[PDB]
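1. Here is my input; please provide its structure:
(chains A, B and C)
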Amino acid sequence: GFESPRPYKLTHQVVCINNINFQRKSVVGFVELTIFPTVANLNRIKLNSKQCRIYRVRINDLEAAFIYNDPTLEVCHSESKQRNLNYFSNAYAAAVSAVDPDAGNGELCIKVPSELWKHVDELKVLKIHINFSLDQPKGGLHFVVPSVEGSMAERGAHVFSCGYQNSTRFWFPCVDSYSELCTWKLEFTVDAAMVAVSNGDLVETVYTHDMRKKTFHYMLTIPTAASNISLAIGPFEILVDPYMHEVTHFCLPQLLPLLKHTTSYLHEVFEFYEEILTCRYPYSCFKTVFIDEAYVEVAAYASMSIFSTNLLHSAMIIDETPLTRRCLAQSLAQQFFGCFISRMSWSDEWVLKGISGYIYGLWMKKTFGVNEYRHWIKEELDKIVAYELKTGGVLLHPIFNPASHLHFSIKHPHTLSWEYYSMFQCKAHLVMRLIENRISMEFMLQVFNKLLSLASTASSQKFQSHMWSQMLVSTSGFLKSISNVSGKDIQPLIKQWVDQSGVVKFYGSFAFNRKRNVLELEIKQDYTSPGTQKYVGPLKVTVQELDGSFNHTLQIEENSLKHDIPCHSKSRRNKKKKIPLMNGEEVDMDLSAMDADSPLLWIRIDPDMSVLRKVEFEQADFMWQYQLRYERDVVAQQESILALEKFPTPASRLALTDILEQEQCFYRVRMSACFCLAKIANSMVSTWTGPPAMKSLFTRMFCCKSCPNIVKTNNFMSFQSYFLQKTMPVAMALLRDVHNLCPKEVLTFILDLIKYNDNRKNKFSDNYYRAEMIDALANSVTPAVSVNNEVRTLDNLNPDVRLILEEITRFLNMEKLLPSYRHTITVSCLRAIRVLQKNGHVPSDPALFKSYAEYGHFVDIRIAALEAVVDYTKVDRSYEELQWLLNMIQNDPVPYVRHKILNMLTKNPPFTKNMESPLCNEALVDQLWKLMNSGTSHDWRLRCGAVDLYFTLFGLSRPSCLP
Amino acid sequence: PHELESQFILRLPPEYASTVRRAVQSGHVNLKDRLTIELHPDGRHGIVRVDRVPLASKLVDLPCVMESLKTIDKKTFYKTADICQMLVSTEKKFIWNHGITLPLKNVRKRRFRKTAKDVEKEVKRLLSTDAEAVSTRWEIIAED
Amino acid sequence: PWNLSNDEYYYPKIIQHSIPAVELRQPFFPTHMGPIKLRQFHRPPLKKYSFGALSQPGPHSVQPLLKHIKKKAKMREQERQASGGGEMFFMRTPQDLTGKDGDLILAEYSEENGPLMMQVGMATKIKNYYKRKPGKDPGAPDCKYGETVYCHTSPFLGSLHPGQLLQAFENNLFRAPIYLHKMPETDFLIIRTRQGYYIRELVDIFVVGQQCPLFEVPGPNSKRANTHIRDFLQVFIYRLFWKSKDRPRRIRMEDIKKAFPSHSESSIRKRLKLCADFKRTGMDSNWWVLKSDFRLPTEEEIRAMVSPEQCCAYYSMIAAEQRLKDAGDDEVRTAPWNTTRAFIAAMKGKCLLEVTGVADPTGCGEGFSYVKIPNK
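-> Residues are numbered from 1 along each chain as shown, chains lettered A, B, ... in the order given. See below for the structure:
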């Protein structure tokens, strides 16, 4: 049951936009809402509006009086001397709650005229006509206007609606909540050479009487929220999908072949999401818009998605096809379960984020294989256990503070830190995988189909929300639908992993009792760390003995420590028979390293990742080597690679080398075995016999049979030896001699890989392989032996580093004339120059990176150069570079770059709270408090980034470096 | 508490079965007055009265075991009760040799495997008589 | 840009009972069966009531239930369409398992005493195995009940002919070929309860052939047998502790002695030793209170302790124990632990079975005998 927090119900909204002026960056328009009051004596009506100048408001064609105030413009007063962050977080939460449409509130308060009170008490319709104007928007609509001359379509100027969550208040007045569903009528009067893309279906396109402008009329009969309404106006090249004909793809001019190749896969994503769920795609059209200077890499609205143009690749670009493919896939998953089925509160957001991430993981499983699915699930689980042990924990479904261990309030999406938002979505889809583990996948897809079917029977009624609230899901409704389809309720699993905000830590060690033939496990939990919680459920453990692989369920109550499980025979060591594996197959194992008295070959605690856990198991090194070689699970091979770094014995070198030589191993395991072999080789110097590690293996796999030092000409058509070939010198460059310097046998090998590179014969580009070659050249740089702080000049350069510097100079200059796909070699060469500057080789001068961080460059070059400037101002304690970065945060045209500068200055801070630094003035505290209070008031993501930066630099209490 | 329901099969003469079938498929409570069942304290004898006409009944044991299976979707079936008795209307006499379906006829005689070495109760009575006695004399005998 | 997961080298290649059945509730799954109740196993006699409307001697009107059937079916369809229209789970209460509603079919068994048999409240599925004709085939002959599946590899011992559809009961316990027959024209179904008689007609009756067992019945005094007895007693003790309303949860010993009267009280005290303690004096006197450090297991853990199919295998074992005991080596071969072990071993390919023998439940040439023969 859904009861509105608003005293009115909104039925229909007309959004008309005229006069989109690109020179002056200005729009004019009106908005006409059709509300039905649910309570009599409505009097004031409270709507949401930011940055719009409200000209006039007429209610039922009668002139009404409005008052506007935004408390989130300046959160705390300018003349308050408070400088602690808990004060700002409480004031910011109160300010966002005072404009919240999820309460009754709002920023624009319109007073109902007196003569309509007899129209409002007996509950009859009210039609509110606001007309507004955005004079030069700092948020919401982003105007990308290039400085080439010509007409606005000839130079490539466009507008798009940017922002996250409820940010539609930034470009027209609305009820900007996900729970106020209404039908829509959208008119946009644009230039005759431009096209206006929006939500709904385009009913017509009429000309103006001078035929210089045309009006696009859109209609949206599926009741969506105001937060799902978008806009993209530009000189877009239109491409109808040749497979599905209601799907149109819009790109920027001159990028039509890239659009043709890139969006050619999307019909398979549509077919997948419509056959695992049994509902068809709910909207009547689908539109993909590719734009410049995007807010996020992929945004999903109702019947529309806005991607950045940096996803567009051609047919000869690999290492970008899977990333763009999965961006399209998660946009479509959010089309199904973020835009059609919406949110009932700010709680129950974990339901939608979990269903979107879970069905996108099912797509990844079918498309890229079960092994890529397991690797992705393991990397997401490692991400969340790192974040939750780092700071507190992520609390899905809080109850309204519920989480007081962290420096922001979790009551609203616009007060969350961006890393918390990312980990929120990550934990939501892993908890949905856990619900699939308890209640099987076919019942899970039946739950999702029941939600979609209730929403689509709801979506066709005309009753104003008598039935339109069946399109809003809640937690209680989701659990009730689960209990309807399965008969089991998941309330212990919901109580543990949703309502409780923690992950578990397992420390395991075994001992084999030879007398009674049992395996005595010893599993203890660390439940006193700040991020942890105590697990009391069951726990699966998989033991591989000589007779095969056996699963055991252990009951781990609070007082439990020793778990005795039984062991089988050892009669497959009496005769040589094959040892049967986890799957149905069996292999020949070399049992010379195994103990004579124990049959068990390896043990895995929680193999299926059925809890949110971090396992620290103490096996013997031969058990880790057997688990690396003969396991049929990629997460166990990865964890054995990760645990073999502590055992540098030559049997582990043989194990990793046999993994590296082995095709029919998953390629991301061999790419990890490269770096593990490099670390082991560095640890057993003065024992290593022959050549450096992986060199003979590289010449055996990727070089000519007649010439060992000449590499084969590039043929990248295998896509697994391409990735292994481009990752093996990067790990090989981490080799070090007894003198702690990279050997001149590996550096010469990398330089010969660079010289003899011929790419005139493959059908794929070479930009990522050459960029990884520059990364391998950067890995070999050891710190220089400066004497008496000698100035680093050209004559006293290292003889090794002069070759590296010549190569990166040649590569960067050749990129200036023949550019790569996304300037990958510019990014790699800037990263390598920063590596050479971090050691004492090149003079520590930020002027090159400051010239590459200007506005007109590509955004990857910009963020690489700004990363180099952030690293410089951390190491050299530069005041003027920090003022340069803070000025670039305040006034840069691209808001993604501002968010990225705040992000990089949070990750690599110039000082922490423990450090005494020269950059701990009252002036810097006043600048960052002014940046939290004012200055970042237009983005909701810059303000949370400024809160994160103030927390990283000065902590939760009063800045110490202050009177 | 819950008590398992006790279902049995009622077999009627064919004309009376047709009248009872028509009255059941009609569905009125008129059938309730028309059809009554009186079970005698023997336990294996009764009257079924169809339209107030008395018929003589015997509750017999069926050779196979039937099970009623209900369903909501006609794909998954849930067992509701076990049927082993039939009140045919018109000890060894209370045992039915045939099964309800056409292929199962003379099942007890032909399609049932018989393994052999009331009798136990008789042995218990004999033991009780021996206990109430004073002197017991026994001999395995021959023809006499 | 492609799959790139070497999946062919790492990975080279359902029955939901009612909530009374998975919770092992005591009318449907009895704790103890005596000798006269083991002789009447799956053949329950018509009991005389002591109190109720049918306990008074005299004529009793039967009551038609066709408004009840269609009202309950319309109500369940409203529940299903209110829940999104998909397939729903309805059997959540014991009162859902009555014969007074839903579409009843009957299922007759060919064997006298099968090796495995379902208790009341358990679910089974009807699968229509259809082998296509060589080359072109019209499609499975359609059938009123069950779902159709195309079986290249015959589930049963024989192999299906081309173009032959065979229906079968499929569950976790067995798999057995069923054959739809129409009901006799004279037989109706009388459901008697304490309140009165109720009458349904039946139209569909299946004949169930020789079962192919999928669960192994344990032997007497086996390790699996004693493990099931101990786990069943532990589950009953946990569910008595859950039912206790006292704030320190407390039970009485003679409730357990009423449920399991053949058990020596040393075994019951062994189960209560961990998780409970006896209070002799003061408050809670002569009660077994729950220990304060002991976490009583949740509902899903208690369900994971004992499965209903294990209870059916145990009931088959003790019923066969009684029948063998009453009848004073051929009979021992026909015991369900031997025949279930023989059939499951034959399905893995361990050994072969003499298909003509003495374990033949027909007693003639029809039907199989599941006793092990060597493959040499």
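2. Residue B:79 touches residue C:122, doesn't it?
-> Yes: assessed by Cβ atoms under 8 Å, residue B:79 is found in contact with residue C:122 at 5.6 Å. Where C-beta positions appear, they are placed from N, C-alpha and C, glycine not excepted.
3. For the strand of greatest length in chain A, buried residues please.
-> For chain A, the strand that runs over the most residues, judged by DSSP state E, is strand A:8-21. For strand A:8-21, the buried set under the neighbour-count rule, 16 or more other Cβ atoms under 10 Å in any protein chain shown, comprises A:8, A:9, A:10, A:11, A:12, A:13, A:14, A:15, A:16, A:17, A:18, A:20.
4. Spatially nearest residue to the residue positioned nearest the centre of chain C (excluding sequence neighbours)?
-> Geometric centre of chain C, nearest residue: residue C:118, 2.8 Å, by Cα atoms, centre = their mean. Among residues not flanking residue C:118 along the chain, residue B:79 sits closest, at 5.0 Å (Cβ to Cβ, 6 or more residues apart in numbering or on different chains).
5. three-state assignment of residue 58?
-> No chain was given, so I picked chain A. Three-state assignment for residue A:58 (DSSP: H, G, I helix; E, B strand; the rest coil): strand.
6. Chain C, not that one
-> Relying on three-state DSSP, one would call residue C:58 coil.
7. Over to the residue of the stretch 101-250 of chain A found nearest chain C. Which of the three states is it?
-> With Cβ to the nearest Cβ as the measure, residue A:222 is the residue of the stretch 101-250 of chain A nearest to chain C, at 17.8 Å. Here residue A:222 is recorded as strand under three-state DSSP.
8. Quick one: residues contacting it.
-> Contacts for residue A:222 (Cβ atoms under 8 Å, 6 or more residues apart in numbering or on different chains) come out as A:183, A:282, A:283, A:302, A:303, A:340, A:459.
9. Would you reformat these as CSV and include neighbour count and secondary structure?
-> Converted to CSV, the contacts of residue A:222 look like this (neighbours: other Cβ atoms under 10 Å in any protein chain shown; DSSP: H, G, I helix; E, B strand; the rest coil):
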residue, neighbour count, secondary structure
A:183, 19, strand
A:282, 18, coil
A:283, 22, coil
A:302, 24, coil
A:303, 26, coil
A:340, 23, helix
A:459, 21, coil
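10. Show the contacting residues for the nearest residue to residue A:35 once chain neighbours are set aside.
-> Counting by Cβ to Cβ, 6+ apart, residue A:35 lies nearest to residue A:8, which is 4.3 Å off, once chain neighbours are set aside. Residue A:8 makes contact with A:35, A:36, A:37, A:38, A:42, A:45, A:126, according to Cβ under 8 Å, 6+ apart.
11. Tell me the bridge partners for residue A:8.
-> Here residue A:8 sits in beta bridges with residue A:37, going by DSSP bridges.
12. Residue A:426 is in contact with residue A:358, isn't it?
-> No: using Cβ under 8 Å, residue A:426 is not in contact with residue A:358; the gap is 11.6 Å.
13. The two: which has the busier surroundings?
-> residue A:358 (23 against 20; other Cβ atoms under 10 Å in any protein chain shown).
14. The more buried one: what secondary structure?
-> Going by three-state DSSP: residue A:358 is helix.
15. Tell me how far it lies from residue A:380.
-> 11 Å (Cβ to Cβ, to the nearest Å).
16. Mind listing the shared neighbours of those two?
-> residue A:429.
17. wait, what's in contact with the residue in chain C that chain A sits nearest to?
-> At 2.6 Å from chain A, residue C:5 is the closest residue in chain C, using Cβ to the nearest Cβ. Residue C:5 is in contact with A:368, A:369, A:370, A:371, A:372, A:666, counting by Cβ under 8 Å, 6+ apart.
18. which SS class is the second one?
-> Using three-state DSSP as the criterion, the local structure at residue A:369 reads helix.
19. Leaving out sequence neighbours, find the closest residue to it.
-> Distance criterion Cβ to Cβ, 6+ apart; nearest residue to residue A:369, sequence neighbours excluded, is residue C:5 at 2.6 Å.
20. Most neighbours among the contacts of residue C:5, please name it.
-> For those, the largest number of neighbours (other Cβ under 10 Å) sits with residue A:371, at 26 neighbours.
21. pretty sure it is touching residue C:10, no?
-> Yes: Residue A:371 lies in contact with residue C:10 (Cβ under 8 Å); the separation is 6.0 Å.
22. which residues are in contact with both of these two?
-> In contact with both residue A:371 and residue C:10: A:634, A:666, using Cβ under 8 Å, 6+ apart.
23. circling back to that earlier point, more neighbours: which of residue B:79 and residue C:122?
-> residue C:122 (27 against 24).
24. distance of that one from chain B?
-> 6 Å (Cβ to the nearest Cβ, to the nearest Å).
25. same question, residue A:651
-> 54 Å.
26. what's the answer for residue A:341, then?
-> 26 Å.
27. what about that residue, how many neighbours?
-> 23.
28. wait, doesn't it sit right on residue A:449?
-> No: using Cβ under 8 Å, residue A:341 is not in contact with residue A:449, being 11.6 Å away.
29. Just send the buried residues of strand A:8-21 back as JSON lines, with distance to residue A:838 too.
-> Shown next, in JSON lines, are the buried residues of strand A:8-21 (distance: Cβ to Cβ, whole Å):
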{"residue": "A:8", "distance to residue A:838": "60"}
{"residue": "A:9", "distance to residue A:838": "61"}
{"residue": "A:10", "distance to residue A:838": "57"}
{"residue": "A:11", "distance to residue A:838": "62"}
{"residue": "A:12", "distance to residue A:838": "60"}
{"residue": "A:13", "distance to residue A:838": "55"}
{"residue": "A:14", "distance to residue A:838": "58"}
{"residue": "A:15", "distance to residue A:838": "52"}
{"residue": "A:16", "distance to residue A:838": "56"}
{"residue": "A:17", "distance to residue A:838": "50"}
{"residue": "A:18", "distance to residue A:838": "54"}
{"residue": "A:20", "distance to residue A:838": "47"}
